Structure formats: C-alpha cells, structure tokens
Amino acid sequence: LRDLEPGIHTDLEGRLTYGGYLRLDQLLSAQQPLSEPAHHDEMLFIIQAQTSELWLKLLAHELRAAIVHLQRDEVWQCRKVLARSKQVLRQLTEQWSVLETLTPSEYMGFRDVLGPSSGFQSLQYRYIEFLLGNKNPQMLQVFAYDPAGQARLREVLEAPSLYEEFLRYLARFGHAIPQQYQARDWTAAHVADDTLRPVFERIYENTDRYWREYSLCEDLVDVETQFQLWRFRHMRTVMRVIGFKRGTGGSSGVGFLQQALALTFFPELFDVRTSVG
C-alpha cells in the first residue's frame, strides 16, 4: 500500500513530460511485426535488435568523444569516456541471454518474413567497426541504396581510427612512433607494425614512468576483448537458432561470423605479450 506524496506535479498538459522528452509516441510506434497472423516471438526479435541499435548509437557518441579527448592530450577524460564505452559494450554482450530463450522451431515461424534483412546491413555497427579501425571498403557496396550513410562511412574511412589516434598521441609524448602515423592513406586498414613492439615493451616495463600510456593500452585491450565477446555470443546464438544455415543476408552465416572473430583491432598491443618482461 504506497500513498501518493504531496507535491507531485499532476497537471502536466502544457508542460514537458517523460514521454514527451523521450519522444515515446514515435519510439514505441516503431515495432511493426510483419507475421500474418501474429507470432508471439516476433516482438522479441524486434526489441532485441532495436535496443542494440540504441546502444550502438550511444557507443558511437562516446567513441567520437574519446577521440576528441585523445587529440587534445586529455587522458583522464578519455579514459572516463572509455569506461562508459566498455559498460555499453557490456550491456550489448549481456542482452544475448534474452534471445537464448528463442528456440529454432519458434524462429521458423517468422524467419521467412524477414526476407534478405540482416544486421550485416547495420550502418551504425559498420561505423563502429570502421572507427575501431577494421576498415573494409568492400563494405561500402552494401550501402549503395544509401548515399548519406555511405557518405558518413566514407568520412570515418578517411580519418584516423581510434588506435591510430592513440599512436599519434604516443608520438606527441616522445615515443618512437614512425612519421607515417602523422599522415598517410587512412582508408587502408592498419597493418601490423613490428617497429611498435619496442615502444609498447617500454610502456609496460616502466609503468611508473608511463602510467598514462599503460592505462590507455589496458583500456584499448579491454575494448577489444569486450567487442570480441559481443561477436562470440552473437555467433553462439546463431549456432543455436539457425545452426549452420546460410544467413538471411546471403552469407555462409557461422563461418562468415567466425572470420571477424579471427581478426584483431589493436595487433601490436596483443603481440607485445610474447616479449614483454
């Protein structure tokens, strides 16, 4: 039994309210299941994908701000933004546990309705792959229906990635970074650089001296590990919902998702492990 407290605002007709702020007429009218007749499991499928897109939208928002901080040598602010980015990635990774309550026989009841639609065609996800530095320009042909989107990806292809922004940062602080990281063709995905090995060994072996750099390396390594966790959980959900069936978007499915899982964002950070003392 809880009594309405005095002082709670109740005439709200000419004022800003929660659904108005949050644009919830528009937000909560965006779920349009297409099964005929309605499948109970369709609503889950939509919500799960939409909550992920909202988190990915926020993750983009925070990564951009982390890059701006790095550029300005604002390390504590960068790392704070990065901690929120890791929490976002963690929420993403945690929501697979809802979709694990979707069995393949439930799925076959509406998989049909989706046609060729696939997360492979997520503009926001591809933006983030590109921003972390996994720059594949084949992936621009996917967005040929969409000139504005393909054009916002081109801007990210054309700019240094998160990692390349860290290398530039390191350069400004007298670490032995090649001049090529100051200007080069950024559309070309970072190639593993053996000469960065002694740089990262020197960081991790004077953590007293290179406390900021060592902090940032461990952040980046956290970011990558969490994104790979996201990919693995997605891929395990695939295995349990469609098995080894080809995807809606035309790919081989599990084997195609496995090829991303093999790839590495920040290669010299992990390579340094065989030699660090």
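Residue indices: 1-based, along the sequence shown.
Trainee: Between 128-136 and 188-196, which has the larger average Cα B-factor in the PDB entry?
Mentor: For C-alpha atoms only, the mean B-factor is higher in 188-196.
Trainee: On mean C-alpha B-factor from the PDB entry, just flag whether 245-253 or 46-54 is the higher one.
Mentor: According to the entry, 245-253 carries the higher average C-alpha B-factor.
Trainee: According to the deposited entry, which of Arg240, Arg64, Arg233, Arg209 has the largest Cα B-factor?
Mentor: Comparing C-alpha B-factors across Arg240, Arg64, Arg233, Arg209, the maximum falls on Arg209.
Trainee: Specify which of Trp96, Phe110, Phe173, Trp76 carries the largest Cα B factor in the deposited PDB entry.
Mentor: Across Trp96, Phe110, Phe173, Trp76, the entry lists the biggest C-alpha B-factor for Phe173.
Trainee: Can you tell me which third, lowest, middle or highest, the CA B-factor of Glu165 falls into for its chain?
Mentor: CA B-factor rank for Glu165: middle third.
Trainee: With respect to C-alpha B-factor, does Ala38 fall in the lowest, middle or highest third of the chain as deposited?
Mentor: For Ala38, the deposited C-alpha B-factor lands in the highest third.
Trainee: Could you look up the Cα B-factor of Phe143 in the entry and say which third of the chain it sits in: lowest, middle or highest?
Mentor: Highest third - that is where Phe143 ends up once the chain's C-alpha B-factors are sorted.
Trainee: Could you place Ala262 in the lowest, middle or highest third of its chain by Cα temperature factor, using the values in the record?
Mentor: It belongs to the highest third of the chain when residues are ordered by C-alpha B-factor.
Trainee: According to the PDB entry, is the CA B factor of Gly149 in the bottom, middle or top third of its chain, that is, lowest, middle or highest?
Mentor: Answer is highest: the recorded C-alpha B-factor places it there.
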